[PDB]
Amino acid sequence: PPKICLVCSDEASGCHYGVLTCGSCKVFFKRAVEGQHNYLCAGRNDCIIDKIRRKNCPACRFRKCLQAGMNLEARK
Amino acid sequence: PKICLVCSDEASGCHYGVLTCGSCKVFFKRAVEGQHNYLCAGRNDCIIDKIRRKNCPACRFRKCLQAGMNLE
DNA sequence: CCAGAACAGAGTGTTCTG
DNA sequence: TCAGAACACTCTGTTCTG
Ligand SMILES: [Zn+2]
Ligand SMILES: [Zn+2]
Ligand SMILES: [Zn+2]
Ligand SMILES: [Zn+2]
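Laid out in structure tokens, this is it:
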């Protein structure tokens, strides 16, 4: 049965930083947590984040990472 | 003075028919030539400003067209 | 199996030129 | 005048490595 990234709904590769995610959201989260952490949404902070649109809004992608429970300590 | 009609950034001059910055100038050219299928993650109403213009090419491109940008 | 590094490509914006 | 080239920099996602 299918394993689904809890952030962008792409096929998940495994449990990364505590949450079932794809490889691209894994490394996106690590980069967001180590980066400028100044993200702006051009929308309403509800942007659709899927395989097609996840590049559009780093702010909403990162919000969904946090909301899903991702953390660098990789606590479940 | 001198404001980009697309993203509100300081405008360099009149490009492809409209007063725009350089980033919007080259973005528009790249978009017209460049095949792309742009899709808004929003409502097709995105805020386009100096930082936010990067987020939504679809809305940036739409504003470009609606402002009258033309390859001549 | 998973974190992190490394690699390569896409996207963006500036500088320079005539 | 502004269009184009091209350089330089950021963001992304897959493949490697430990
Ligand atoms: Zn994902
Ligand atoms: Zn958003
Ligand atoms: Zn602009
Ligand atoms: Zn949009």
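Line order of the protein sequences matches chains A and B.
Sequential numbering from 417 applies to the first sequence in the authors' numbering.
Sequential numbering from 418 applies to the second sequence in the authors' numbering.
Even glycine gets a Cβ: it sits at the ideal position worked out from N, Cα and C.
{"query": "What are the residues of the segment 439-459 of chain B that lie near chain A, defined by any Cβ-Cβ distance shorter than 8 Å?", "result": "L456, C457, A458, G459"}
{"query": "Helix, strand or coil, according to DSSP, for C431 of chain A in the structure here?", "result": "strand"}
{"query": "Give the DSSP-derived three-state secondary structure of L422 of chain B in the structure shown.", "result": "coil"}
{"query": "Quick check: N472 of chain B and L456 of chain A, are their CB atoms within less than 9 Å of each other?", "result": "yes"}
{"query": "Between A428 of chain A and the rest of its own chain, which residues show a CB-CB distance below 6 Å, the 5 nearest in sequence each way excluded?", "result": "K419, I420, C421, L436, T437, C438"}
{"query": "One question on the structure: do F444 of chain A and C481 of chain A come within less than 9 Å of each other, judged by their Cβ atoms?", "result": "yes"}
{"query": "Given the structure, does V449 of chain A come close to ligand 1, in the sense that its CB is under 8 Å from one of the ligand's heavy atoms?", "result": "no"}
{"query": "Given a cut-off of 9 Å, decide if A448 of chain A and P417 of chain A are closer than it, judged by their beta-carbon atoms.", "result": "no"}
{"query": "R469 of chain A: beta carbon under 8 Å from a heavy atom of ligand 1?", "result": "no"}
{"query": "According to DSSP, is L482 of chain B helix, strand or coil?", "result": "helix"}
{"query": "Classify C431 of chain A as buried or exposed, calling it buried when 16 or more other Cβ atoms lie within 10 Å of its own Cβ.", "result": "exposed"}
{"query": "Straight-line CA distance for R460 of chain B to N461 of chain A?", "result": "11 Å"}
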